[PDB]
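**Student:** Based on what follows, work out the 3D shape:
(one chain, ligands or ions: 2)
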Amino acid sequence: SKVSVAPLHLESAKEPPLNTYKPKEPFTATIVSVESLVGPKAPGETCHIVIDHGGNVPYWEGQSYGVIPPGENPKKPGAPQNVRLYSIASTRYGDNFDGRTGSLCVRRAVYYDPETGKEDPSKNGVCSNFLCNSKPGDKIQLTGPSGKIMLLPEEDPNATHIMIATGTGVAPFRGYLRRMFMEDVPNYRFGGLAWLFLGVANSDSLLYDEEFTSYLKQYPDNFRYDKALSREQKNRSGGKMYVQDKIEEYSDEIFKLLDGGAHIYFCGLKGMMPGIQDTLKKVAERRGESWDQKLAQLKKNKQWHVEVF
Ligand SMILES: Cc1cc2nc3c(=O)[nH]c(=O)nc-3n(C[C@H](O)[C@H](O)[C@H](O)COP(=O)(O)OP(=O)(O)OC[C@H]3O[C@@H](n4cnc5c(N)ncnc54)[C@H](O)[C@@H]3O)c2cc1C
Ligand SMILES: [Mg+2]
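**Tutor:** Residues are numbered from 1 along each chain as shown. Ligands and ions are numbered 1, 2, ... in the order given. What follows is the structure:
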């Protein structure tokens with residue numbers, strides 16, 4: 001059954017915390033654990049980082065943490081590095097169910113010369129490698145939390161939530177789904193439909209797959225889960241199987257859910273959105289609908305939630 005979480009006073013706040021810590025005086029947090037989430041055929045490493053904030057930097061599901069990597073700002077010499085934002089991949093209780101830790105899902109940004117493949121440490125992404133290189137006991141400068149675009153609408157505990165992720169965009173949805181299904185939160189008993197779509201490069205690039213697959217067995221009447229593996233599957237038209245091609249497999253069901261008030265969420269690299277928009281336009285057209293009109297209605301009704309980067 002559901003996992004006991006503490007302390008339940010984390011449910012009492014009426015508003016999400018924002019900018020509790022700021023870049024000029026960050027909170028010095030401590031790494032608990034760092035682990036790769038992916039197998040050897042993945043094109044890059046994505047790691048799972050557990051951070052002990054001691055209860056000093058609480059957050060709501062869907063928010064972001066800021067991390068200030070070490071070193072001087074290369075463009076304001078003598079200045080600290082700029083904040084990098086990461087979608088929190090944990091619930092407000094965290095992976096230890098105690099309200100003291102939060103987790104990040106971090107893709108290593110690694111530079112390869114386009115012609116030769118050669119590497120260059122001055123060109124790798126600073127914060128992402130800093131995080132995935134971290135070890136238990138390392139200190140991390142933490143800011144935030146910040147963001148409200150991806151807060152979970154909880155007014156209707158029987159709402160429908162359609163979650164569209166690529167890569168590390170799965171992060172907010174890991175938090176949503178633990179709150180909906182895994183944790184014992186007496187004031188939020190989810191009885192709607194949660195539907196996760198995840199696009200990644202191949203089977204070895206899947207993120208948290210065992211957790212999501214378990215929800216199919218635990219909550220078969222409230223959870224659905226579909227994956228698109230681009231390098232390893234192909235779409236109806238011969239293209240690489242992308243998350244939008246999976247949406248298209250369920251186009252009638254999805255459009256009916258949207259018309260019924262479902263929330264729909266998008267998270268991941270911003271390059272995911274043009275193909276999704278193209279697919280939704282073609283789906284609408286086949287149904288004899290205007291996607292522009294439909295998207296405007298969804299935004300007007302506060303059903304459309306996008307955090308891409
Ligand atoms: C709201 C929000 C949420 C986010 N959520 C996440 C998340 O959950 N997970 C996640 O992994 N990321 C996330 N991001 C992205 C994250 O904030 C960083 O932008 C990303 O991790 C890269 O930061 P970095 O410090 O590693 O790279 P930077 O040091 O900022 O470098 C940026 C890029 O430039 C490249 N580069 C550097 N120098 C050169 C050069 N000379 N020539 C060519 N290329 C070069 C690097 O390789 C890198 O790809 C999020 C961003 C936003 C805005
Ligand atoms: Mg795997």
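**Student:** contacts and neighbour counts: CA atoms only from here.
**Tutor:** OK.
**Student:** Can you pull the residues of this protein lying near ligand 1?
**Tutor:** Contacts of the chain with ligand 1, taken as Cα under 6 Å from any ligand atom, map to 84-87, 105-107, 109-111, 123-129, 168, 171, 309.
**Student:** out of those residues, which are inside helices?
**Tutor:** When those are checked against helices (DSSP state H), the matches are 126, 127, 128, 129, 171.
**Student:** which ones are touching the residue in the stretch 201-309 of the chain positioned nearest to ligand 1?
**Tutor:** Nearest residue of the stretch 201-309 of the chain to ligand 1, counting by Cα to the nearest ligand atom: residue 309, 5.0 Å away. Shown in contact with residue 309 (Cα atoms under 8 Å, 6 or more residues apart in numbering): 268, 269, 270.
**Student:** and what of residue 83?
**Tutor:** With Cα under 8 Å, 6+ apart, residue 83 has these contacts: 23, 66, 67, 68, 69, 143.
**Student:** Kindly indicate the member of the residues you listed with the most neighbours.
**Tutor:** Of the contacts of residue 83, residue 143 is surrounded by the most neighbours, 27 neighbours in total, counting by other Cα atoms under 10 Å.
**Student:** my read: residue 41 touches residue 200, true?
**Tutor:** No: Residue 41 lies out of contact with residue 200 (Cα atoms under 8 Å); the separation is 12.0 Å.
**Student:** Between those two, tell me which one has more neighbours.
**Tutor:** Legend: neighbour count by other Cα under 10 Å for residue 41 and residue 200, higher for residue 200 (23 against 12).
**Student:** Show me what the more buried one bridges to in the sheet.
**Tutor:** For residue 200, the beta-bridge partners are residue 229 (DSSP bridges).
**Student:** That one against residue 168, yeah?
**Tutor:** No: assessed by Cα under 8 Å, residue 200 is found out of contact with residue 168, at 9.3 Å.
**Student:** What are the buried residues along stretch 224-243?
**Tutor:** 224, 225, 227, 228, 229, 230, 235, 240, 241, 242, 243 (16 or more other Cα atoms under 10 Å).
**Student:** Tally up the residues packed near residue 203, please.
**Tutor:** 18.
**Student:** same question but for residue 250, I mixed them up
**Tutor:** 10.
**Student:** again, but for residue 9
**Tutor:** 8.
**Student:** what does residue 84 give?
**Tutor:** 16.
**Student:** quick one: contacts for it?
**Tutor:** With contacts defined as Cα under 8 Å, 6+ apart, residue 84 is in contact with 66, 67, 68, 127.
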